[PDB]
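Enquirer: Below is query-v1.tsv; it holds TSV, C-alpha atoms and all ligand atoms.
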chain	number	residue	atom	x	y	z
A	24	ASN	CA	84.31	96.11	100.06
A	25	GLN	CA	87.51	94.17	100.72
A	26	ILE	CA	91.20	94.04	99.70
A	27	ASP	CA	93.70	91.31	100.61
A	28	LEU	CA	97.39	92.26	100.57
A	29	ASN	CA	99.71	89.22	100.46
A	30	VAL	CA	103.12	90.16	101.89
A	31	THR	CA	106.51	88.44	102.10
A	32	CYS	CA	109.50	88.37	104.44
A	33	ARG	CA	111.64	91.50	104.29
A	34	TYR	CA	115.24	91.27	103.09
A	35	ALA	CA	117.32	94.34	103.80
A	36	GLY	CA	113.94	96.11	104.16
A	37	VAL	CA	112.63	95.00	100.74
A	38	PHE	CA	109.39	92.94	100.46
A	39	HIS	CA	106.86	91.85	97.86
A	40	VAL	CA	103.15	92.82	98.00
A	41	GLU	CA	100.46	91.18	95.86
A	42	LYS	CA	96.86	92.48	95.77
A	43	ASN	CA	94.14	89.81	95.94
A	44	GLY	CA	96.69	87.16	94.84
A	45	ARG	CA	96.80	88.26	91.18
A	46	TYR	CA	98.58	90.89	89.09
A	47	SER	CA	96.37	93.91	89.74
A	48	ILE	CA	98.40	96.90	90.86
A	49	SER	CA	99.04	99.92	88.60
A	50	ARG	CA	102.22	102.01	88.93
A	51	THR	CA	100.30	104.78	90.76
A	52	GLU	CA	98.61	102.31	93.10
A	53	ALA	CA	102.01	100.73	93.83
A	54	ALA	CA	103.38	104.09	95.08
A	55	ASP	CA	100.26	104.57	97.29
A	56	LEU	CA	100.52	101.04	98.62
A	57	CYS	CA	104.18	101.39	99.65
A	58	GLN	CA	103.31	104.72	101.29
A	59	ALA	CA	100.61	102.96	103.34
A	60	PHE	CA	103.35	100.67	104.66
A	61	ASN	CA	105.55	103.72	105.49
A	62	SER	CA	107.73	102.39	102.66
A	63	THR	CA	108.88	103.53	99.19
A	64	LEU	CA	109.39	101.73	95.89
A	65	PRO	CA	112.89	100.28	96.04
A	66	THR	CA	115.82	101.46	93.96
A	67	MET	CA	117.69	98.88	91.90
A	68	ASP	CA	120.59	99.13	94.36
A	69	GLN	CA	118.24	98.46	97.28
A	70	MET	CA	116.81	95.45	95.41
A	71	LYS	CA	120.26	94.08	94.62
A	72	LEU	CA	121.20	94.17	98.33
A	73	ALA	CA	117.92	92.37	99.20
A	74	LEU	CA	118.76	89.70	96.58
A	75	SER	CA	122.18	89.24	98.18
A	76	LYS	CA	120.51	88.58	101.58
A	77	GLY	CA	118.27	85.86	100.13
A	78	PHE	CA	115.30	87.59	98.48
A	79	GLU	CA	113.69	85.90	95.50
A	80	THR	CA	110.10	85.66	94.11
A	81	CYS	CA	108.45	84.26	90.99
A	82	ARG	CA	106.35	87.40	90.37
A	83	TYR	CA	106.75	90.63	88.38
A	84	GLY	CA	106.61	93.71	90.60
A	85	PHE	CA	107.32	97.44	90.36
A	86	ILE	CA	110.46	99.00	91.75
A	87	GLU	CA	111.42	102.64	91.09
A	88	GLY	CA	111.69	102.81	87.31
A	89	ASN	CA	111.28	99.16	86.28
A	90	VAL	CA	109.31	95.95	86.67
A	91	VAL	CA	111.53	93.11	87.97
A	92	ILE	CA	111.75	89.62	89.44
A	93	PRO	CA	114.60	88.96	91.92
A	94	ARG	CA	115.99	85.44	91.29
A	95	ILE	CA	118.56	83.44	93.23
A	96	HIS	CA	117.97	79.91	91.87
A	97	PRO	CA	117.46	79.39	88.16
A	98	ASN	CA	113.95	78.03	87.43
A	99	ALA	CA	112.58	77.52	83.89
A	100	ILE	CA	109.16	79.00	84.72
A	101	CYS	CA	110.43	82.06	86.70
A	102	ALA	CA	111.99	84.86	84.63
A	103	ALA	CA	113.02	82.24	82.05
A	104	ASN	CA	115.87	80.63	84.08
A	105	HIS	CA	117.69	83.93	84.77
A	106	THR	CA	119.31	84.78	88.11
A	107	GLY	CA	119.94	88.24	89.53
A	108	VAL	CA	117.43	91.05	89.38
A	109	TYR	CA	115.63	90.18	86.13
A	110	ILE	CA	114.22	93.24	84.34
A	111	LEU	CA	110.99	92.90	82.35
A	112	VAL	CA	111.72	94.40	78.90
A	113	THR	CA	108.65	93.86	76.68
A	114	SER	CA	105.03	93.68	77.84
A	115	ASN	CA	101.70	94.96	76.54
A	116	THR	CA	100.15	95.42	79.95
A	117	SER	CA	100.41	97.75	82.94
A	118	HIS	CA	99.32	95.87	86.08
A	119	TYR	CA	101.73	93.83	88.23
A	120	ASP	CA	102.57	93.30	91.89
A	121	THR	CA	104.84	95.72	93.78
A	122	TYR	CA	107.99	95.67	95.84
A	123	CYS	CA	108.28	98.04	98.78
A	124	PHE	CA	111.23	99.17	100.86
A	125	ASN	CA	111.00	99.90	104.60
A	126	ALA	CA	114.13	101.63	105.99
A	127	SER	CA	113.18	100.62	109.57
A	128	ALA	CA	113.26	96.87	108.88
A	129	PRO	CA	116.15	94.62	110.05
A	130	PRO	CA	119.29	94.63	107.85
A	131	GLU	CA	119.16	91.01	106.69
A	132	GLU	CA	116.31	88.44	106.53
A	133	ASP	CA	113.15	89.28	108.52
A	134	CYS	CA	110.61	86.47	108.23
A	135	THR	CA	108.35	87.71	110.99
A	136	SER	CA	104.72	88.58	110.25
A	137	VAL	CA	103.56	92.01	109.09
A	138	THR	CA	101.04	93.24	111.62
A	139	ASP	CA	99.99	96.74	110.51
A	140	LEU	CA	99.43	99.10	107.65
A	141	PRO	CA	100.65	102.05	109.67
A	142	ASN	CA	99.99	104.84	107.20
A	143	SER	CA	96.61	103.88	105.69
A	144	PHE	CA	94.03	106.61	105.95
A	145	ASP	CA	90.36	106.79	106.86
A	146	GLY	CA	88.08	104.88	104.48
A	147	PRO	CA	85.39	102.22	103.84
A	148	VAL	CA	87.58	99.29	102.69
A	149	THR	CA	88.31	96.25	104.85
A	150	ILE	CA	92.03	95.78	104.16
A	151	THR	CA	93.52	92.47	105.18
A	152	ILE	CA	97.25	91.85	105.42
A	153	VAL	CA	97.93	88.18	104.70
A	154	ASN	CA	101.28	86.68	105.67
A	155	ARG	CA	102.70	83.61	103.99
A	156	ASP	CA	102.17	81.57	107.21
A	157	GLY	CA	98.52	82.64	107.02
A	158	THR	CA	98.62	85.12	109.91
A	159	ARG	CA	96.13	87.93	109.16
A	160	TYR	CA	95.69	91.52	110.27
A	161	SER	CA	92.63	93.54	109.24
A	162	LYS	CA	91.64	97.22	109.39
A	163	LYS	CA	89.07	99.53	107.84
A	164	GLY	CA	90.64	102.25	105.72
A	165	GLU	CA	91.96	103.29	102.32
A	166	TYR	CA	95.38	103.79	100.67
A	167	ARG	CA	94.48	104.73	97.07
A	168	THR	CA	94.82	108.45	96.29
A	169	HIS	CA	94.07	108.30	92.54
A	170	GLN	CA	90.48	107.90	91.28
A	171	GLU	CA	91.50	105.81	88.22
A	172	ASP	CA	92.65	103.21	90.79
A	173	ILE	CA	89.36	102.97	92.74
B	201	LIG	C1	101.96	81.41	93.58
B	201	LIG	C2	101.28	82.75	93.32
B	201	LIG	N1	100.38	82.97	92.36
B	201	LIG	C3	100.02	84.26	92.47
B	201	LIG	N2	100.70	84.82	93.48
B	201	LIG	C4	101.48	83.88	94.00
B	201	LIG	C5	102.44	84.07	95.20
B	201	LIG	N3	101.69	84.41	96.43
B	201	LIG	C6	100.77	83.31	96.81
B	201	LIG	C7	99.84	83.73	97.98
B	201	LIG	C8	100.58	84.42	99.00
B	201	LIG	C9	99.96	84.63	100.24
B	201	LIG	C10	100.62	85.32	101.27
B	201	LIG	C11	101.92	85.79	101.07
B	201	LIG	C12	102.56	85.58	99.84
B	201	LIG	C13	101.91	84.91	98.79
B	201	LIG	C14	102.61	84.72	97.56
Kindly return the structure encoded in the file as C-alpha cells.
Expert:
Amino acid sequence: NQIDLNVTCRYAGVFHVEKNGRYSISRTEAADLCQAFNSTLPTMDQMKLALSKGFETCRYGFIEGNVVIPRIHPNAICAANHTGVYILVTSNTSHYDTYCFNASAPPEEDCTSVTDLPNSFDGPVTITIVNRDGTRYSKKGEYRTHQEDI
C-alpha cells in the first residue's frame, strides 16, 4: 500500500508533483495533494512568476482553473515547441500531474530536497517523497479526502 510522489525544485514557491511517475492525479486529488504539502494550486500569475525565475517542465499539470506546461526553451516534444505557460486546450482525459504553490518557500530558485509532507493525516499508506537527486523521505499516512480517488 504505497505511493511515490516525485517532486521538483521550487521556483517562487511553485513546484511540480507527479504520482508514481505517470499521469494519475485527478483534479480533486490534486487539491488534496497540495494541501498535504501545506500548499495550494497555483494561480496563473503565480505560475508566470515561477516561469520567470527559471521553472519549466515537460509534463501537463493542474493549476487553479487550467492544465498547463511551463516552458522556457522551445522543444518539439514538449507543448509542441511553445514557450511561456502553455495551456492545454483539448483533451479527452482527466488525469494529469499537479503543480503546487508554497508561500513559505524562497522567492527565487530553491533546488534543495523536499523532506516532509507536513499536512498529511493519519492513514495506512506508505507515502514516499522522491526528489530528482534521488533523496527519499517516507511516512505512513493519507492525503486523499474523496472516496472516488482511493
Ligand atoms: C520523464 C518523465 N516521465 C514521466 N515523468 C517524468 C518526469 N519525472 C521523472 C521522475 C522524477 C523523479 C523525481 C523528481 C522528478 C521526476 C520527474
Enquirer: Can you tell me, as lines of an AutoDock Vina configuration file, the centre and edge lengths (Å, one decimal) of the axis-aligned box enclosing all of ligand LIG 201 (chain B)'s listed atoms after padding each side by 6 Å?
Expert:
center_x = 101.2
center_y = 83.6
center_z = 96.8
size_x = 14.8
size_y = 16.4
size_z = 20.9
Enquirer: Given only C-alpha atoms and all ligand atoms as the basis, pick out the residue of A:72, A:100, A:86, A:64 nearest to ligand LIG 201 (chain B).
Expert: A:100
Enquirer: Can you work out the spacing between CA of residue 84 in chain A and CA of residue 151 in chain A in Å, to one decimal?
Expert: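 Straight-line distance from CA of residue 84 in chain A to CA of residue 151 in chain A works out to 19.6 Å.
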Enquirer: Please extract the residues at most 7 Å from ligand LIG 201 (chain B), counting all atoms listed in the file, and provide them as number ranges by chain, using the chain letters and residue numbers of this document.
Expert: A: 29-31, 41, 44-45, 82, 153-155, 157
Enquirer: Taking 4 positions as the minimum chain separation for residues in the same chain, which residues sit within 9 Å of residue 143 in chain A when counting all atoms listed in the file? Answer as a list in words.
Expert: residues 56, 58, 59, 60, 61, 163, 164, 165, 166 and 167 of chain A
Enquirer: Could you tell me, as a compact mmCIF listing (two decimals) with C-alpha atoms, in the coordinates of the input, which residues have any atom at most 12 Å from (124.5, 93.7, 100.4), counting only C-alpha atoms?
Expert:
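Result saved to out_9.txt:
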# COMPACT_ATOMS: atom_id res chain seq x y z
CA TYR A 34 115.24 91.27 103.09
CA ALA A 35 117.32 94.34 103.80
CA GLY A 36 113.94 96.11 104.16
CA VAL A 37 112.63 95.00 100.74
CA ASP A 68 120.59 99.13 94.36
CA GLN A 69 118.24 98.46 97.28
CA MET A 70 116.81 95.45 95.41
CA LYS A 71 120.26 94.08 94.62
CA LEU A 72 121.20 94.17 98.33
CA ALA A 73 117.92 92.37 99.20
CA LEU A 74 118.76 89.70 96.58
CA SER A 75 122.18 89.24 98.18
CA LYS A 76 120.51 88.58 101.58
CA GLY A 77 118.27 85.86 100.13
CA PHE A 78 115.30 87.59 98.48
CA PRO A 130 119.29 94.63 107.85
CA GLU A 131 119.16 91.01 106.69
CA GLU A 132 116.31 88.44 106.53
Enquirer: So how many Å separate CA of residue 67 in chain A and CA of residue 50 in chain A, to one decimal?
Expert: 16.1 Å
Enquirer: What separation in Å, quoted to one decimal, exists between CA of residue 109 in chain A and CA of residue 94 in chain A?
Expert: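 The value is 7.0 Å.
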Enquirer: Got a sec: who's within 12 Å of residue 55 in chain A, counting all atoms listed in the file, leaving out chain neighbours fewer than 6 positions off, as number ranges by chain?
Expert: A: 48-49, 61-64, 121-123, 140, 142-144, 165-170, 172-173
Enquirer: Please write the residues from the selection above to a file, keeping C-alpha atoms, as a tab-separated table (two decimals), in the coordinates of the input.
Expert:
chain	number	residue	atom	x	y	z
A	48	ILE	CA	98.40	96.90	90.86
A	49	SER	CA	99.04	99.92	88.60
A	61	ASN	CA	105.55	103.72	105.49
A	62	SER	CA	107.73	102.39	102.66
A	63	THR	CA	108.88	103.53	99.19
A	64	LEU	CA	109.39	101.73	95.89
A	121	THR	CA	104.84	95.72	93.78
A	122	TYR	CA	107.99	95.67	95.84
A	123	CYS	CA	108.28	98.04	98.78
A	140	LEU	CA	99.43	99.10	107.65
A	142	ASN	CA	99.99	104.84	107.20
A	143	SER	CA	96.61	103.88	105.69
A	144	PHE	CA	94.03	106.61	105.95
A	165	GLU	CA	91.96	103.29	102.32
A	166	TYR	CA	95.38	103.79	100.67
A	167	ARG	CA	94.48	104.73	97.07
A	168	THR	CA	94.82	108.45	96.29
A	169	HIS	CA	94.07	108.30	92.54
A	170	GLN	CA	90.48	107.90	91.28
A	172	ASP	CA	92.65	103.21	90.79
A	173	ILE	CA	89.36	102.97	92.74
Enquirer: Within 12 Å of residue 104 in chain A, counting only C-alpha atoms, which residues show up once you throw out same-chain ones fewer than 3 positions away? Write them as a PyMOL selection string, please.
Expert: chain A and resi 81+92-101+107-109
Enquirer: Within 6 Å of (98.9, 96.5, 90.6), in the coordinates the file gives, what residues turn up when you count only C-alpha atoms, written out as a ChimeraX atom specification?
Expert: /A:46-49,118-120
